[PDB]
């Protein structure tokens, strides 16, 4: 049984350092005989706003719109915007989903928040009950590959930004873990623009080297204790 990789990619510039780590994951994965699919949100002009256009049928309650309620209802009736349902097809068949993005404001760029807000609806990705260890996308792995402007040092418990695990919490636990993904260790490439030309190639190389053995890696424990300590 061959492996399936979905990369959700969020950068404007294919020549960018994020474009490079994306190309090198497609390369290393393609080589190993993985089936690969890239969601290039910018190039697709992916829609980020969560609005009533996301739904094709009669609304449940047409006079007071409620996104959570209508999308969950639309999922069940098979009436989501096809752009959503296309993403959900990619996620359903992926064994692994890689997120490739530059950190914006300690988080994901809005276009990518949009993908998460819109793709991971109730009924598809989780249910109540049916979240955390019981989320609907259980059996799947996720990994964030994040580029930052801050250095390794800025990102320590003692530096100006606090530890890097601090900002991972909403993404890794609050989103991915909530939906049933197991989460591999993140790939964080610090300050590529401040790095020298060779340290840059090294960071890219270290990501290729890492992917050669990714089917062997085990999931982080995705808990408060991993992220925060005490």
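Numbering follows the first chain given and starts at 1. In this text, the rigid core denotes the largest set of C-alpha atoms whose superposition between the two forms falls within 1.5 Å.
Remark: when the other structures in 9 other deposited structures of this protein are fitted onto this one via the rigid core, 50-58 deviates more than the alternative among 37-45 and 50-58, judged by RMS CA distance. Mean CA B-factor, 94-102 versus 149-157: the higher value falls on 149-157.
As recorded in the PDB entry, 59-67 is the stretch of 59-67 and 44-52 with the greater mean C-alpha temperature factor.
Of the candidates 196, 172, 39, 35, it is 196 whose Cα B-factor is highest according to the PDB record. Remark: residue 89 belongs to the middle third of its chain, ranked by C-alpha B-factor as recorded. Among all modelled residues in its chain, residue 10 ranks in the lowest third by Cα B-factor. Sort the modelled residues of the chain by CA B factor and residue 209 lands in the highest third.
Among the modelled residues of its chain, residue 131 has a C-alpha B-factor that falls in the highest third, as given in the PDB entry. For residue 176, the recorded CA B-factor ranks within the lowest third of the chain. Only modelled residues enter the ranking.
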